[PDB]
Amino acid sequence: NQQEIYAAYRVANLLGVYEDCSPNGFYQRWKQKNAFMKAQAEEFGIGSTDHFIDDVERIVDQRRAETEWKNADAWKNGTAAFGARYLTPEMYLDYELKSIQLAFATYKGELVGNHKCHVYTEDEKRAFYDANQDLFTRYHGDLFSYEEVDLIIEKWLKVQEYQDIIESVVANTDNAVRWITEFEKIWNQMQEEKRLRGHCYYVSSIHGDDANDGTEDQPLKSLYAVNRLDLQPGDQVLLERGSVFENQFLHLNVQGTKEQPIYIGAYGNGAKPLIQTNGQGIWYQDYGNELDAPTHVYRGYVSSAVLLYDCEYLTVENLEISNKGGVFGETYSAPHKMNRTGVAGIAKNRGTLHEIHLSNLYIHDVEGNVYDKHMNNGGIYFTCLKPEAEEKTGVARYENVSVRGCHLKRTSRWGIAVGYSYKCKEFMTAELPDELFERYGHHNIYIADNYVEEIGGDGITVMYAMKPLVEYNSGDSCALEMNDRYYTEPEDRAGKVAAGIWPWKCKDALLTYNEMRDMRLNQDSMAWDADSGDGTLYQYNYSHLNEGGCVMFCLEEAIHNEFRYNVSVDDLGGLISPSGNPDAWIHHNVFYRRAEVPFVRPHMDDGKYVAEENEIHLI
Ligand SMILES: CC(=O)N[C@@H]1[C@@H](O[C@@H]2O[C@H](CO)[C@H](O)[C@H](O)[C@H]2O)[C@H](O)[C@@H](CO)O[C@H]1O
Ligand code: NA
């Protein structure tokens, strides 16, 4: 809503968040941001996947072997390059609107223009605690103490005060109309620049006909027609910009070759083609065996806007996807609400699937089951099901798979999840020998340049992969539903926790050049999580105002952990959560903490760690 955008930049000006809070000011900051990331970030993983995807494990080995803080000076004076290397207009606007809100939350001034900044008294914060007990329970139902959530409550109350100022300015509607008229022109200009950045099948919801041959002159009309095409190596399917595919879905079982991949994309002019699945695109998921915990749901119907079922040598690019529920009989937090995906990837009957790539997808309002962790449930979820006959087709798993440039907003439960496998019970040791990955695990997994925001559960998680590279991702405001207010009927599933960007049962994972802000309080709610897995390294990551702190080392199977050359600015709760972990080497980081935010997070402090040569500032 343009009046809310206008109001936000009015507050930004009064807070001094940005020097120029005109629409041109927004445009120049966007241009500056993209030019900076292009000049200063690493080049690896930019451009065609054929030029780098085979080198992911090699670049991971090189970066893990670094012996000093690369560009330490930039990192320490606040001009390092991290987060997504290109921000779309939609990513950038949402990022700045969140920046303004968080600046209000930490503002110490008396006034914002004529608005007197409320000073939240102990009485007022304690009253909020007593009235919102459903927000302060942990994994096992035990409450955080008031003292543990005092500063988080003040942050929340200042965010509400901020939000009330926006609707107030909106209510009070001259130069607002000027500001908004100019913003629309700038927005269109930005969309024009964004847009600038076998057989060809054309599909047009507006001009097509499913009886056509599917040329640009006589395009197909519907995704159902696409679902019926016998797509061959080299084929392209191009969806017309401006198209809306109402209640439609793409369910594909197609294979290109290395030499002639299949491409799904956009053509023409206007908005990204919109797949508006609205809870249709039904299919039956079955892992074929219980998962790592017997309580995890592992079979049932899923709604997916885009289902890639045993696909290979396929790239999907430049689409907008939603998957809203709200069908008759359904409530939002219902225990068995259908699992929903924006893009679901499945490996089952073709052994290793090669060369699946998602690029520049805008996936929002995917209203999956609030609870279920391992059904294909969230914005993007790739999994591996037990093959019909593994002795004939091989272990179902992934090789050379990338998720790049995707924007996720309001997806539940997961943001981006890649790799959960029916072979999960083969990895139930602390140490994970390389042979487990040679037989059962994924190779050359690359997740980069994504923006995940307002996510029900975890932001980005890579699973069962050898040396995955998760880099140059930006995350805001994940774990929104990991609390009793939304997580109403978990039954025996537990799982009321989420962290930002992290690996599960990976070997020698590298998470680097990521940015994570404003994780929503739960027992976890830290930015980074060296979870169960072997050899995880976080380096060159930026974290800010996460309500569960900076980094966790999670229990006895989180082994060979290292956390170096990271910057943490005003993480809350407690900076490090060494929770029952056997080791963690925490060294050569820079932390900025409030005096009343401890280095070690309460109740998550009984693990083994070496913290040395860290620079801890008070703020
Ligand atoms: C060991 C542990 O408790 N780790 C937590 C994570 O929970 C595990 O996540 C994996 C995901 O593949 C399985 O679901 C497993 O059964 C869970 O125990 C949890 O997701 C993260 C993020 O909050 O943190 C740990 O608490
Ligand atoms: Na294969």
# chains A, B, ... in the order shown; residues from 1 in each chain; ligands from 1
>>> select_by_dssp(residues="segment 175-221 of chain A", states="alpha helix (DSSP H)", output="ChimeraX atom specification")
/A:175-196
>>> closest_atom_pairs(of="segment 460-491 of chain A", to="segment 537-551 of chain A", cutoff="12 Å", atoms="only C-alpha atoms", output="CSV")
residue,atom,partner,partner_atom,distance
A:467,CA,A:537,CA,10.0
A:468,CA,A:537,CA,10.7
A:469,CA,A:537,CA,10.2
A:470,CA,A:538,CA,9.7
A:471,CA,A:541,CA,8.8
A:472,CA,A:541,CA,8.9
A:473,CA,A:541,CA,9.7
A:474,CA,A:542,CA,9.5
A:475,CA,A:543,CA,9.5
A:476,CA,A:546,CA,9.1
A:477,CA,A:546,CA,8.4
A:478,CA,A:546,CA,9.6
A:479,CA,A:547,CA,10.3
A:480,CA,A:547,CA,11.4
>>> write_last_selection(atoms="N, CA, C and O atoms", output="tab-separated table (two decimals), in the first residue's frame")
chain	number	residue	atom	x	y	z
A	467	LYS	N	29.65	-30.90	1.45
A	467	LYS	CA	30.23	-29.56	1.18
A	467	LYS	C	29.26	-28.65	0.41
A	467	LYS	O	29.62	-28.02	-0.60
A	468	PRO	N	28.01	-28.49	0.89
A	468	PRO	CA	27.15	-27.46	0.32
A	468	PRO	C	27.72	-26.07	0.60
A	468	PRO	O	28.42	-25.87	1.59
A	469	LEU	N	27.41	-25.17	-0.31
A	469	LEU	CA	27.75	-23.75	-0.26
A	469	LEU	C	26.43	-22.97	-0.22
A	469	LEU	O	25.69	-22.97	-1.21
A	470	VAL	N	26.17	-22.36	0.92
A	470	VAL	CA	25.02	-21.49	1.19
A	470	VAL	C	25.59	-20.08	1.41
A	470	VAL	O	26.22	-19.85	2.48
A	471	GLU	N	25.42	-19.18	0.45
A	471	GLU	CA	26.15	-17.89	0.50
A	471	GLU	C	25.31	-16.77	-0.08
A	471	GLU	O	24.45	-17.04	-0.94
A	472	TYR	N	25.63	-15.54	0.29
A	472	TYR	CA	25.04	-14.34	-0.33
A	472	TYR	C	23.52	-14.45	-0.27
A	472	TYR	O	22.89	-14.02	-1.21
A	473	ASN	N	22.99	-14.95	0.85
A	473	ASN	CA	21.54	-14.95	1.12
A	473	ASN	C	21.24	-13.89	2.17
A	473	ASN	O	22.06	-13.68	3.15
A	474	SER	N	20.06	-13.33	2.05
A	474	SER	CA	19.51	-12.33	2.98
A	474	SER	C	18.21	-12.90	3.57
A	474	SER	O	17.35	-13.38	2.81
A	475	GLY	N	18.11	-12.90	4.90
A	475	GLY	CA	16.93	-13.35	5.66
A	475	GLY	C	16.49	-12.32	6.69
A	475	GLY	O	17.35	-11.76	7.40
A	476	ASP	N	15.19	-12.06	6.74
A	476	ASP	CA	14.55	-11.18	7.72
A	476	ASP	C	13.41	-11.98	8.34
A	476	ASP	O	12.66	-12.58	7.58
A	477	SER	N	13.21	-11.92	9.65
A	477	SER	CA	11.88	-12.16	10.24
A	477	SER	C	11.40	-13.58	9.91
A	477	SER	O	10.32	-13.74	9.26
A	478	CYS	N	12.20	-14.59	10.26
A	478	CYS	CA	11.77	-16.01	10.12
A	478	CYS	C	11.29	-16.48	11.49
A	478	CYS	O	11.44	-15.71	12.44
A	479	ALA	N	10.77	-17.69	11.59
A	479	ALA	CA	10.23	-18.35	12.80
A	479	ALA	C	8.97	-17.60	13.28
A	479	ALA	O	8.69	-17.65	14.46
A	480	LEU	N	8.23	-16.92	12.41
A	480	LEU	CA	7.08	-16.09	12.85
A	480	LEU	C	6.03	-16.98	13.54
A	480	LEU	O	5.26	-16.44	14.38
>>> residues_near_ligand(ligand="ligand 2", cutoff="8 Å", atoms="only C-alpha atoms and all ligand atoms", output="number ranges by chain")
A: 350-354, 393-394, 396
>>> residues_near_ligand(ligand="ligand 1", cutoff="8 Å", atoms="only C-alpha atoms and all ligand atoms", output="ChimeraX atom specification")
/A:291-293,296,373-374,420,458,463,495-500,504-505,523-525,529,531-532,554-558
>>> write_last_selection(atoms="C-alpha atoms", output="mmCIF file, in the first residue's frame")
data_model
loop_
_atom_site.group_PDB
_atom_site.id
_atom_site.type_symbol
_atom_site.label_atom_id
_atom_site.label_comp_id
_atom_site.auth_asym_id
_atom_site.auth_seq_id
_atom_site.Cartn_x
_atom_site.Cartn_y
_atom_site.Cartn_z
ATOM 1 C CA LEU A 291 12.052 -40.371 9.068
ATOM 2 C CA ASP A 292 14.781 -39.505 11.679
ATOM 3 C CA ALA A 293 11.979 -39.113 14.325
ATOM 4 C CA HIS A 296 7.435 -36.667 11.595
ATOM 5 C CA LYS A 373 8.966 -30.199 8.951
ATOM 6 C CA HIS A 374 9.748 -32.814 6.228
ATOM 7 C CA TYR A 420 15.720 -34.203 3.302
ATOM 8 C CA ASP A 458 13.328 -21.832 9.238
ATOM 9 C CA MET A 463 20.285 -31.275 4.298
ATOM 10 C CA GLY A 495 9.339 -29.011 16.453
ATOM 11 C CA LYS A 496 8.292 -25.522 17.834
ATOM 12 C CA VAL A 497 11.727 -23.926 17.010
ATOM 13 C CA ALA A 498 13.443 -22.313 14.015
ATOM 14 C CA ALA A 499 16.771 -20.634 13.210
ATOM 15 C CA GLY A 500 17.792 -18.538 10.199
ATOM 16 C CA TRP A 504 21.372 -30.432 8.765
ATOM 17 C CA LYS A 505 23.491 -33.667 8.560
ATOM 18 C CA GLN A 523 13.777 -21.533 22.054
ATOM 19 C CA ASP A 524 16.175 -21.146 19.041
ATOM 20 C CA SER A 525 15.555 -17.903 16.974
ATOM 21 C CA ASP A 529 22.863 -23.010 13.704
ATOM 22 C CA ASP A 531 22.995 -28.300 14.014
ATOM 23 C CA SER A 532 23.548 -32.095 13.906
ATOM 24 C CA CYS A 554 23.076 -28.054 18.753
ATOM 25 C CA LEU A 555 23.546 -31.177 20.929
ATOM 26 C CA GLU A 556 25.894 -34.176 20.775
ATOM 27 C CA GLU A 557 25.790 -34.758 16.964
ATOM 28 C CA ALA A 558 26.797 -31.151 16.053
#
>>> select_by_dssp(residues="segment 178-427 of chain A", states="strand (DSSP E)", output="ChimeraX atom specification")
/A:200-203,236-240,244-246,250-252,262-267,274-276,282-286,299-309,314-317,320-323,339-347,352-359,362-367,378-384,397-404,407-412,414-421
>>> closest_residue(among="A:445, A:135, A:237, A:452", to="residue 484 of chain A", atoms="only C-alpha atoms")
A:135
>>> residues_around(residues="residue 209 of chain A", least_positions_apart="2", cutoff="10 Å", atoms="only C-alpha atoms", output="JSON, numbers by chain")
{"A": [203, 204, 205, 206, 207, 211, 212, 213, 214, 218, 219, 220, 221, 222, 225]}
>>> residues_around(residues="residue 288 of chain A", least_positions_apart="5", cutoff="8 Å", atoms="only C-alpha atoms", output="ChimeraX atom specification")
/A:298-299,385-386,422
>>> residues_around(residues="residue 599 of chain A", least_positions_apart="5", cutoff="7 Å", atoms="only C-alpha atoms", output="list in words")
residues 574, 575 and 576 of chain A
>>> closest_residue(among="A:349, A:255, A:369, A:589", to="residue 301 of chain A", atoms="only C-alpha atoms")
A:369
>>> closest_residue(among="A:223, A:521, A:424, A:231", to="residue 287 of chain A", atoms="only C-alpha atoms")
A:424
>>> closest_residue(among="A:565, A:446, A:371, A:362", to="residue 406 of chain A", atoms="only C-alpha atoms")
A:362
>>> atom_distance(atom1="atom CA of residue 384 of chain A", atom2="atom CA of residue 421 of chain A")
4.5 Å
>>> residues_around(residues="residue 115 of chain A", least_positions_apart="5", cutoff="12 Å", atoms="only C-alpha atoms", output="list in words")
residues 11, 14, 15, 104, 109, 110, 161, 162, 164, 165, 166, 168 and 169 of chain A
>>> atom_distance(atom1="atom CA of residue 264 of chain A", atom2="atom CA of residue 300 of chain A")
27.6 Å
>>> residues_around(residues="residue 329 of chain A", least_positions_apart="6", cutoff="12 Å", atoms="only C-alpha atoms", output="list in words")
residues 336, 337 and 338 of chain A
>>> decode(residues="segment 535-565 of chain A", atoms="N, CA and C atoms", output="CSV table (one decimal), in the first residue's frame")
chain,number,residue,atom,x,y,z
A,535,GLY,N,31.5,-30.9,10.6
A,535,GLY,CA,32.5,-30.0,9.9
A,535,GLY,C,31.9,-28.7,9.5
A,536,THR,N,30.8,-28.2,10.1
A,536,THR,CA,30.1,-26.9,9.6
A,536,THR,C,31.1,-25.8,9.9
A,537,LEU,N,31.2,-24.9,8.9
A,537,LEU,CA,32.0,-23.6,9.0
A,537,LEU,C,31.1,-22.5,8.6
A,538,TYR,N,30.9,-21.5,9.5
A,538,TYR,CA,30.3,-20.2,9.2
A,538,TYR,C,31.5,-19.2,9.2
A,539,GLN,N,31.6,-18.4,8.0
A,539,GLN,CA,32.6,-17.3,8.0
A,539,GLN,C,32.0,-16.2,7.2
A,540,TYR,N,32.3,-14.9,7.5
A,540,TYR,CA,31.9,-13.7,6.8
A,540,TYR,C,30.4,-13.6,6.7
A,541,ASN,N,29.7,-13.8,7.8
A,541,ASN,CA,28.2,-13.6,7.9
A,541,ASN,C,27.9,-12.4,8.9
A,542,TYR,N,26.9,-11.7,8.6
A,542,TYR,CA,26.4,-10.6,9.3
A,542,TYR,C,25.0,-10.9,9.9
A,543,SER,N,24.9,-10.7,11.2
A,543,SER,CA,23.6,-10.9,12.0
A,543,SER,C,23.2,-9.6,12.8
A,544,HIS,N,21.9,-9.3,12.9
A,544,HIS,CA,21.4,-8.1,13.6
A,544,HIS,C,20.1,-8.3,14.2
A,545,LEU,N,19.9,-8.1,15.5
A,545,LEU,CA,18.6,-8.0,16.2
A,545,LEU,C,17.8,-9.3,16.1
A,546,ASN,N,18.5,-10.4,16.0
A,546,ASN,CA,17.9,-11.8,16.1
A,546,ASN,C,17.5,-12.0,17.6
A,547,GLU,N,16.3,-12.5,17.9
A,547,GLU,CA,15.8,-12.5,19.3
A,547,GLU,C,16.3,-13.7,20.1
A,548,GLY,N,16.9,-14.7,19.4
A,548,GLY,CA,17.6,-15.8,20.0
A,548,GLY,C,19.1,-15.8,19.9
A,549,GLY,N,19.6,-14.7,19.3
A,549,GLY,CA,21.1,-14.4,19.4
A,549,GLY,C,21.7,-14.7,18.1
A,550,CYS,N,23.1,-15.0,18.1
A,550,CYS,CA,23.9,-15.1,16.9
A,550,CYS,C,24.0,-16.5,16.4
A,551,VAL,N,24.5,-17.4,17.2
A,551,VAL,CA,24.8,-18.8,16.7
A,551,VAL,C,24.6,-19.9,17.8
A,552,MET,N,24.0,-21.0,17.4
A,552,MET,CA,23.8,-22.2,18.2
A,552,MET,C,24.8,-23.3,17.7
A,553,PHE,N,25.2,-24.2,18.6
A,553,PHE,CA,25.9,-25.5,18.4
A,553,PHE,C,25.0,-26.5,19.0
A,554,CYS,N,24.3,-27.3,18.3
A,554,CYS,CA,23.1,-28.1,18.8
A,554,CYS,C,23.3,-29.5,19.0
A,555,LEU,N,23.6,-29.8,20.3
A,555,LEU,CA,23.5,-31.2,20.9
A,555,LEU,C,24.7,-32.1,20.4
A,556,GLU,N,24.7,-33.3,20.8
A,556,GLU,CA,25.9,-34.2,20.8
A,556,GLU,C,26.3,-34.5,19.3
A,557,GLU,N,25.4,-34.4,18.3
A,557,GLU,CA,25.8,-34.8,17.0
A,557,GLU,C,26.2,-33.5,16.1
A,558,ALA,N,26.3,-32.4,16.7
A,558,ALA,CA,26.8,-31.2,16.1
A,558,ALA,C,28.3,-31.2,16.3
A,559,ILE,N,29.1,-31.8,15.4
A,559,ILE,CA,30.5,-32.0,15.7
A,559,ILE,C,31.4,-31.3,14.7
A,560,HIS,N,32.6,-31.0,15.2
A,560,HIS,CA,33.7,-30.3,14.3
A,560,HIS,C,33.1,-28.9,13.8
A,561,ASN,N,32.7,-28.1,14.7
A,561,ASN,CA,32.1,-26.8,14.4
A,561,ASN,C,33.1,-25.7,14.5
A,562,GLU,N,33.1,-24.7,13.5
A,562,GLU,CA,34.0,-23.5,13.6
A,562,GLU,C,33.2,-22.3,13.1
A,563,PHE,N,33.4,-21.2,13.9
A,563,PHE,CA,32.6,-20.0,13.7
A,563,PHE,C,33.7,-18.9,13.8
A,564,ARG,N,34.1,-18.3,12.7
A,564,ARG,CA,35.2,-17.3,12.6
A,564,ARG,C,34.8,-16.2,11.6
A,565,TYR,N,35.3,-15.0,11.8
A,565,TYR,CA,35.3,-13.9,10.8
A,565,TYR,C,33.8,-13.5,10.5
